[PDB]
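Undergrad: Quick one: this structure, given as C-alpha cells, is what I'll be asking you about.
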Amino acid sequence: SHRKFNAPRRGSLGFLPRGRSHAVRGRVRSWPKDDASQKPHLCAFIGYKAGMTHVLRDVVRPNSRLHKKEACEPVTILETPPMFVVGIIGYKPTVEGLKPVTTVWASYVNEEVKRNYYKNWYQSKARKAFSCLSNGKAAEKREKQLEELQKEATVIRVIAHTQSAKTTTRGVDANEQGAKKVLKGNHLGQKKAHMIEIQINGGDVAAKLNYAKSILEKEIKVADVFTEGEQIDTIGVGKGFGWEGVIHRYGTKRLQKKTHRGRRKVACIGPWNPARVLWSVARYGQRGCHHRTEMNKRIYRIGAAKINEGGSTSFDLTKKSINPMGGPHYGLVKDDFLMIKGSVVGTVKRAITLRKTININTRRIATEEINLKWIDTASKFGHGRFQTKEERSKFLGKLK
Amino acid sequence: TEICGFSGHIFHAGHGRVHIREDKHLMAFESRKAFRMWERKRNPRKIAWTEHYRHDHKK
Amino acid sequence: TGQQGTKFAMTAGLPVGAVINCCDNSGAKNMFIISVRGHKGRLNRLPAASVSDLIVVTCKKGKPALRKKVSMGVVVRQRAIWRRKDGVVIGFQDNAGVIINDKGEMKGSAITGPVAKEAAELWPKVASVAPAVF
RNA sequence: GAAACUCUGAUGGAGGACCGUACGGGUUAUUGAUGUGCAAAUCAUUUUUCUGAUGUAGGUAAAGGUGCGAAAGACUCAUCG
RNA sequence: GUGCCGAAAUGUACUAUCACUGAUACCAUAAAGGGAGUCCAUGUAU
RNA sequence: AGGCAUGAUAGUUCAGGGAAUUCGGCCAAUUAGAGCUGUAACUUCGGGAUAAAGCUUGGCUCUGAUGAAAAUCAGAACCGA
RNA sequence: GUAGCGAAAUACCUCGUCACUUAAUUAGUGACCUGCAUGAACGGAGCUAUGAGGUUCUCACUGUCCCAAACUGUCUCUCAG
RNA sequence: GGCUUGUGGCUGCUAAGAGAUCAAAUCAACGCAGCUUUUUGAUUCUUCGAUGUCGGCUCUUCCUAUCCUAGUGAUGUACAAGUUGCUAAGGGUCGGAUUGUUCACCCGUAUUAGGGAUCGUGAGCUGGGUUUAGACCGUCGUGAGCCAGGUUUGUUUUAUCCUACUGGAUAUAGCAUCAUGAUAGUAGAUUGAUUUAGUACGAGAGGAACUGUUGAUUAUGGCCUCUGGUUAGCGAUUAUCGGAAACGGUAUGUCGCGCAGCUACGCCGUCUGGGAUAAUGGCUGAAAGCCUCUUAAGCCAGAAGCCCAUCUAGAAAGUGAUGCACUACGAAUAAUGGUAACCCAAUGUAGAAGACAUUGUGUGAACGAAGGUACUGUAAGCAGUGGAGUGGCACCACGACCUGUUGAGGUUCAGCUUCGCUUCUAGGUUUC
C-alpha cells in the first residue's frame with residue numbers, strides 16, 4: 001500500500017489529551033447502577049498508597065499447569081484510616097442532567113473540614129466558616145430540607161472526609177487534660193481533609209434517608225464497605241515525569257544514527273495536504289500525572305491496627321507486622337489496610353479512591369480461592385536479608 | 001528458604017537467583033554480589049564478609 | 001505436533017541467527033536458528049525463541065549428511081535468565097538445543113548436560129531421556 | 001672437502017627499506033561539529049609521510065593570446081577554457 | 001425568480017412520484033440491458 | 001546569580017543475541033608493548049613475516065653471571081581478589 | 001584476427017547456461033563461447049612486492065540492529081547587565 | 001497538477017459451447033455497453049527574476065474494487081479442504097538472501113489484499129541511483145568530441161517570523177470547596193492447545209462444530225515487590241606531587257561491588273450488556289377465492305460495523321448546591337473600614353518559566369540519637385615465640401603480607417523511617 005508497510009498505531013487515541021490533572025485524589029466519573037431493593041450499602045472509599053511487597057500464594061486452579069503449586073505475586077498495600085460522614089446531598093433528575101436539591105450538614109463540624117474553605121489558614125484570625133452553630137437557624141432548617149429530599153431527589157449521596165486525627169504538642173507528655181490539643185498531619189503532611197461524596201446504592205430513596213441519616217456524624221470503617229475476594233476499581237492520578245521527548249512518550253522507533261540534527265524524533269509530522277498538523281500525530285509534551293481508573297484489582301486481605309498479628313498468616317505460628325523492617329518514603333501503617341493484587345495507580349503517599357466494579361466478571365479468576373502461605377517483610381533499602389528484628393539477634397547475637 | 005552456594009547465608013522466596021552449572025549443580029545465590037564473586041572462581045575462605053569464612057576463621 | 005501443552009511466556013533470549021550448541025549425538029555441533037514456529041508478524045521485530053520453542057534451524061557445523069538442510073530444533077537451555085511463577089529466577093551456563101523430526105520424536109539417543117523444567121514438562125520424549133531436569 | 005669451494009657463529013651497518021615523534025610536509029574517513037561560523041575553507045577524532053624525486057627561508061630569473069605546468073585546463077595577489 | 005436565508009403568491013386550476021432519493025439551458029457526467037413497484041394504456045380470447 | 005525536565009553536542013556503560021541494521025561492518029569494539037616459543041601457500045629467492053597461533057609479565061626478600069662501572073640480564077623463594 | 005584473453009572496469013539481448021559459495025544470491029569465484037562492439041609497444045597475457053585505490057567471503061569483536069535505557073561535561077530553561 | 005482514456009486495470013449485457021448427461025455450480029467465445037485515474041501515452045492551460053527530481057528509513061490519516069477476522073447465501077456442499085455471491089474498512093497484513101531499485105524471485109513464520117494524499121513525507125534524515133567539472137574501457141567520428149553502452153572518485157545551507165499542532169500559563173461579573181456533563185475523543189484485537197471427539201458424516205482414507213476451560217502473541221494503560229541494566233558511596237590500584245605513612249590532588253583514571261532514583265530484558269489490568277441498522281433469514285397476510293419475508297400495512301431474529309454503557313479531557317455550555325463576603329385543558333387528523341487572596345518562607349505529593357499540591361508555633365526546618373535500615377568489606381595506630389630471608393650485637397635492625405583489637409571504620413535523604421521542647425522562625429501589596 002501507500003504507507004509502504006503495515007504496523008499498528010503508536011500510542012492510544014482514547015487517553016488524550018496527555019496532560020496534567022490537578023485533582024489531588026481520584027475523581028470518580030460514574031457509580032454502578034443501583035440494583036434497587038436490597039440495602040443501600042456505600043460504594044467508594046479513600047485509601048493512601050503506603051508501599052508494596054510480594055506474597056507467596058498457593059494456587060488452586062483446576063485444568064491448569066499451576067494446580068496445587070506456589071506462585072509469587074506482587075502486592076500493593078493501601079493504608080485506609082476510618083473516615084467520617086458529615087453531609088448528605090440529593091440530586092433531582094432534569095432534562096439538562098442531574099441537578100442538586102441542597103446539602104444538609106451535621107450538628108457540629110470538625111476543624112479538618114474548615115481547612116478546605118481557606119488557602120491561608122495560618123493568616124486567618126476570624127476563621128469563621130460553617131457558622132451553623134446558631135441554634136434557631138440550624139435545628140429548624142434541617143427537618144425542612146430532609147423533607148424536600150423525600151419529595152424531589154431520586155439519587156442520594158453522602159459527603160464524607162478523612163480523619164487527620166488529634167495529638168499533643170512536643171514535650172507535654174500526652175493523656176492529660178490541661179494540655180492544648182492540635183491536628184497531627186498525614187504521612188504526606190496535610191491536616192486539610194479530603195472531602196468526597198459517595199453514592200448510596202440502596203433502593204427506595206426513602207429507605208436511603210434512613211441509612212444515610214443513621215450513618216451521619218459517625219465514622220465508617222473499611223470492613224463494612226469492601227470484603228475479601230472483591231474486585232475493586234482503583235481510581236487515582238499517576239506518577240509525574242514532567243516534559244518528555246517523542247520517543248519515550250509515544251514509544252516510537254528512533255531514527256538512524258547518521259541523522260543531522262539528532263534522532264530522538266518522529267520524522268514526518270504529516271503530508272503536504274491537508275496543510276496542517278493532525279491531532280493524531282505524536283509530539284513533545286507532558287508525561288505522567290494523568291488521572292486513570294483501572295479495573296478488577298483483587299483485595300487479598302483486610303487489616304486492623306498491640307498484638308500486631310496482621311502481618312503473619314495462618315501458618316508458621318510466629319507473629320509478624322506488615323510494615324517491612326525499617327518502614328520507604330512513607331510511614332508504618334498503624335491502621336486498616338488492603339493487600340491489593342498487583343499495581344495501583346500513583347506514587348507512594350497518594351490518595352487513591354477505591355470503588356466497587358460496575359459490572360461482574362464470569363472468569364473463575366474472579367471467584368478464586370485466596371490462600372496466602374507467607375508474606376515478605378524484608379527492608380527495601382535495598383537487598384533485605386532478615387524478615388524480622390527477632391531473626392537478627394538469633395542470627396548474629398553478639399556485636400559491638 | 002534456600003541456603004546459598006557462595007557465602008552460605010539464608011534467603012527467603014522471591015529473592016536472589018539460581019545458576020544451573022555444568023555437572024548439574026543447582027546453586028542458589030543471595031544476590032548479584034554473591035553470584036559475581038563465584039563467577040571469577042574466588043574462594044569464600046578468603047573473602048571476609050561471608051559466613052563460610054567465619055566457621056574456619058573461628059567465630 | 002508432539003508438544004502436549006503450551007508455554008508460560010518466559011524472557012526470550014535467542015533472536016534469529018543465534019548459533020547455539022546441540023546436546024544430542026546426532027551430529028550437530030552447532031545450530032544457526034532461522035525462525036521460531038508459531039510466531040506472528042510485526043514490523044522490525046526479530047522472532048525470538050525461549051525454552052520449549054519449536055524452532056527452525058540449520059546445522060552449520062556437524063556431519064556432511066545433516067548440514068546444508070533445514071530442520072526442526074527445540075530449545076533446552078537458555079543462558080539468559082527468566083522468572084518462574086514460583087518466584088525463583090533461573091539461567092544456565094550455555095545456550096543449547098536438540099534436533100527432532102516432523103512427528104515430534106527425538107532423533108538422537110540421549111542428552112549431554114542438563115535440561116530445563118518446562119522443556120521436560122512440555123516435551124515428553126526429551127524428558128524420557130535426560131540426565132537431570134531443573 | 002682430494003679439489004672447486006660451502007656449513008655454523010660473530011663482526012659490520014647498505015637501502016628513493018619498515019614502525020614512529022613535531023608549532024614539520026600533506027589532507028583519507030566520520031560525507032562528525034560549524035554552516036546568522038573562531039574561519040569568504042575553520043575545529044575535533046581518525047588517517048598519510050617523516051634522510052628523501054624531502055621540507056623551508058632570503059636574494060634572483062621567467063609576464064597576458066604570454067609565463068610556468070611529475071598535465072588537474074592546474075597556477076599566475078580571495079579574480080583564470 | 002416569489003418556504004426562510006432574499007426583494008416577490010408555501011397563488012389558482014390539472015395530472016404523475018417513496019426512492020439512504022430527486023430538484024431548471026450553456027454546466028459541471030452516466031450507457032447497453034432488466035422490474036405482478038405504481039399510473040396510463042394496444043390488440044385478441046373467453 | 002539560580003535551575004537541571006526535554007533536546008543538541010562530546011563522553012563512559014549496557015542482560016541475552018552478534019551485522020539480523022545498512023547501498024555498504026559506515027561507526028565503534030576487539031587486537032596491541034616487551035621476553036620466550038613458533039611461523040604456511042606463493043615468490044623476481046631479496047621477500048611474505050610483527051604472517052598466523054600459543055604462552056609469560058605485579059609486589060616483596062634474596063642468589064648468581066658480565067663489566068671499572070653506582071648498570072643490565074638471568075634464576076629461585078614467599079605473598080594476595 | 002595469428003598467440004593469448006574472453007557475459008571482462010569492455011556482453012545490448014542478460015537476472016546468459018552449468019558448478020562452488022548461502023537455509024535463501026541480479027553480488028563473488030571457476031568453467032563453456034553465436035566476442036551487439038577483445039586483441040598484441042593503440043601494446044597482449046601476468047600479481048611476488050607496494051596501496052588513506054575498487055570489490056566478495058570467513059574468524060574475532062561490538063548498542064549498527066532486536067529495543068531501547070541510565071549516568072557525566074558544556075550549552076538549550078529562569079534572572080541581572 | 002488539469003482535460004482525454006487509445007494502452008493498462010476493473011465490471012456489466014448476450015449466450016456457442018466447455019462442464020460425463022445438462023448453456024447460466026463454476027468458466028466463457030464471437031460481439032456490444034460502461035466504469036476507473038493506482039500504468040503509459042496524447043496535449044501544451046499553469047510554473048524557466050527556480051514549487052529541491054528516484055528509492056529506502058520514520059509517522060499520520062483516508063478509499064474499498066475484502067486476502068484474514070465478524071455475519072450471511074449458492075454449489076458438480078457427505079466430512080475436511082475448496083470454488084463463488086452479498087453486507088462490512090473496527091482491528092491485522094510480517095522476518096530475511098541478491099539488486100540503487102519500484103517491480104520481480106527464492107528461504108522461513110500465525111492462516112494472509114490492493115491503493116491515495118504535489119508518483120504523502122530532503123529548513124525530517126540518507127545520497128545507493130539519476131545528472132556537472134577528474135579518470136578508464138568498448139563501438140562511432142580524420143578530429144575536437146559523442147553514446148537510456150558499462151565502471152570508479154565526487155560540497156545536500158537557514159526557523160529566532162505568521163499559522164498549524166503539542167503541552168503549560170494569564171485578563172474578566174467576589175473568595176473556596178464539592179458536583180452536574182452539552183460537546184470532543186475512545187481499545188482492545190487476534191490465536192494455539194484442551195473439553196465436546198477419534199464422535200457426527202463416510203464404503204474406507206480421514207475428520208468437524210456451539211459452549212466452557214487454559215495459555216500465548218500483539219497493542220494499550222499503569223507500576224518498581226523481585227530480577228537485569230545504569231550509579232562519585234565505599235574499597236583496590238598504575239604514573240607522579242605534597243619528606244615517609246596517613247589523608248589527598250592530577251591523568252575530566254582504571255578496575256571491583258553498589259542503596260536511592262529512573263528503566264526495561266521485569267510485574268499487574270484490558271471487564272461488559274444494550275439500542276437502532278446493513279446483508280440476510282423468518283412469522284402473520286393481502287394484492288392474485290390459490291401462493292408469497294412486504295415486490296404492500298404490521299411484527300420477529302439480526303454484523304468485529306454505527307450509536308449508547310465504560311474510560312480521557314470538560315462551564316467563555318461564561319451553569320449549579322453549600323460555606324463565608326458586600327393571560328393556561330388534552331388528544332387526535334380515514335378524527336372528537338474588615339474579611340479574602342497573592343507575594344514571601346519552606347517542603348514534594350511536581351516542575352523549563354508559570355502553574356498544581358501541602359504546611360507556616362507545628363518536630364515545620366536545621367542539627368542530633370536509635371540492638372531503625374542500607375551500601376562497602378575489616379579503618380588508622382599499636383601489639384605479636386606470626387613471616388621466604390638478608391644484615392649486625394653478644395637478641396636487636398629491615399620485611400609485600402598474615403593473626404588479634406575489628407562484620408570494624410566510612411557513608412546512610414539530599415526525594416528513606418521512627419522520636420527529641422537541643423537550636424531557629426520576619427515582613428509587603430492589592431482585591432469587594
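Ordering of the C-alpha cells sets the chain letters (A, B, ...), residue numbers begin anew at 1 in every chain, and ligands are numbered from 1 in the order given.
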With DSSP run on the backbone, what are the strand (DSSP E) residues within chain B? I'd like them as JSON, numbers by chain.

TA: {"B": [2, 3, 10, 11, 17, 18, 19, 20, 26, 27, 28, 29]}

Undergrad: Based on only C-alpha atoms (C1' of nucleotides), which of the residues in chain G come within 9 Å of chain C? I want them as a list in words.

TA: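 That gives residues 22, 23 and 66 of chain G for chain G.
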
Undergrad: Next, the residues of the selection above should be written as a PDB file, in the first residue's frame with N, CA, C and O atoms (P, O5', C5', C4', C3', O3' and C1' of nucleotides).

TA:
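Writing done, so here's result04.pdb:
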ATOM      1  P     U G  22      28.855 -22.089   2.194  1.00  0.00           P
ATOM      2  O5'   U G  22      27.422 -21.395   2.249  1.00  0.00           O
ATOM      3  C5'   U G  22      27.230 -20.158   2.960  1.00  0.00           C
ATOM      4  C4'   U G  22      25.815 -19.653   2.793  1.00  0.00           C
ATOM      5  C3'   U G  22      24.691 -20.641   3.064  1.00  0.00           C
ATOM      6  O3'   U G  22      24.462 -20.870   4.452  1.00  0.00           O
ATOM      7  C1'   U G  22      24.195 -19.377   1.123  1.00  0.00           C
ATOM      8  P     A G  23      23.833 -22.265   4.944  1.00  0.00           P
ATOM      9  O5'   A G  23      22.491 -22.373   4.091  1.00  0.00           O
ATOM     10  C5'   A G  23      21.864 -23.642   3.817  1.00  0.00           C
ATOM     11  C4'   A G  23      20.363 -23.475   3.745  1.00  0.00           C
ATOM     12  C3'   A G  23      19.850 -22.511   2.679  1.00  0.00           C
ATOM     13  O3'   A G  23      19.646 -23.220   1.459  1.00  0.00           O
ATOM     14  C1'   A G  23      18.793 -22.077   4.777  1.00  0.00           C
ATOM     15  P     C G  66      16.047  -1.804  16.144  1.00  0.00           P
ATOM     16  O5'   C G  66      15.656  -3.249  16.687  1.00  0.00           O
ATOM     17  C5'   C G  66      14.909  -4.179  15.880  1.00  0.00           C
ATOM     18  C4'   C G  66      14.752  -5.495  16.610  1.00  0.00           C
ATOM     19  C3'   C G  66      14.096  -5.421  17.980  1.00  0.00           C
ATOM     20  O3'   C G  66      12.677  -5.392  17.828  1.00  0.00           O
ATOM     21  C1'   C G  66      16.026  -6.810  18.068  1.00  0.00           C
TER      22        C G  66
END

Undergrad: Would you please work out which residue, of C:127, C:75, C:106, C:81, is nearest to chain B when using only C-alpha atoms?

TA: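 So, comparing all the options, the nearest one is C:81.
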
Undergrad: Need the shell around range 19-25 of chain D: protein/DNA/RNA residues with any atom at most 10 Å away, counting only C-alpha atoms (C1' of nucleotides). Skip same-chain ones fewer than 6 positions apart. Format as a list in words?

TA: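 Contacts, in chain order: residues 49, 50, 54, 55 and 56 of chain D; 50 of chain F.
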
Undergrad: Using only C-alpha atoms, what does the table of chain B residues within 8 Å of chain C look like, with each row giving the shortest atom pair and its distance in Å to one decimal, sorted by chain and ascending number, as JSON lines?

TA:
{"residue": "B:13", "atom": "CA", "partner": "C:87", "partner_atom": "CA", "distance": 6.5}
{"residue": "B:14", "atom": "CA", "partner": "C:87", "partner_atom": "CA", "distance": 4.7}
{"residue": "B:15", "atom": "CA", "partner": "C:88", "partner_atom": "CA", "distance": 7.1}
{"residue": "B:16", "atom": "CA", "partner": "C:89", "partner_atom": "CA", "distance": 7.3}
{"residue": "B:17", "atom": "CA", "partner": "C:89", "partner_atom": "CA", "distance": 4.8}
{"residue": "B:18", "atom": "CA", "partner": "C:90", "partner_atom": "CA", "distance": 4.9}
{"residue": "B:19", "atom": "CA", "partner": "C:91", "partner_atom": "CA", "distance": 5.4}
{"residue": "B:20", "atom": "CA", "partner": "C:92", "partner_atom": "CA", "distance": 5.0}
{"residue": "B:21", "atom": "CA", "partner": "C:93", "partner_atom": "CA", "distance": 6.0}
{"residue": "B:22", "atom": "CA", "partner": "C:113", "partner_atom": "CA", "distance": 6.5}
{"residue": "B:23", "atom": "CA", "partner": "C:113", "partner_atom": "CA", "distance": 7.0}
{"residue": "B:24", "atom": "CA", "partner": "C:114", "partner_atom": "CA", "distance": 6.2}
{"residue": "B:26", "atom": "CA", "partner": "C:134", "partner_atom": "CA", "distance": 7.8}

Undergrad: Mind dumping the selected residues with C-alpha atoms as a PDB file, in the first residue's frame?

TA:
ATOM      1  CA  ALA B  13      11.323 -16.933  48.484  1.00  0.00           C
ATOM      2  CA  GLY B  14      11.142 -14.256  45.784  1.00  0.00           C
ATOM      3  CA  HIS B  15      14.754 -13.125  46.200  1.00  0.00           C
ATOM      4  CA  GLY B  16      18.105 -13.814  44.531  1.00  0.00           C
ATOM      5  CA  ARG B  17      18.770 -16.062  41.538  1.00  0.00           C
ATOM      6  CA  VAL B  18      19.924 -19.554  40.518  1.00  0.00           C
ATOM      7  CA  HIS B  19      22.704 -20.556  38.101  1.00  0.00           C
ATOM      8  CA  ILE B  20      22.447 -24.189  36.976  1.00  0.00           C
ATOM      9  CA  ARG B  21      26.064 -25.291  36.436  1.00  0.00           C
ATOM     10  CA  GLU B  22      27.507 -27.887  34.096  1.00  0.00           C
ATOM     11  CA  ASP B  23      27.775 -31.152  36.026  1.00  0.00           C
ATOM     12  CA  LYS B  24      24.210 -30.425  37.273  1.00  0.00           C
ATOM     13  CA  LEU B  26      21.709 -26.298  41.426  1.00  0.00           C
TER      14      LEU B  26
END

Undergrad: Using only C-alpha atoms (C1' of nucleotides), which protein or nucleic acid residues come within 12 Å of residue 38 in chain F? Drop anything in the same chain fewer than 6 positions from it, and give the result as a list in words.

TA: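 Counting only C-alpha atoms (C1' of nucleotides), the residues come to residues 51, 52, 53, 54 and 55 of chain F.
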
Undergrad: Suppose you want the space between CA of residue 340 in chain A and CA of residue 78 in chain A; what is it in Å?

TA: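 Between these atoms lies a distance of 7.5 Å.
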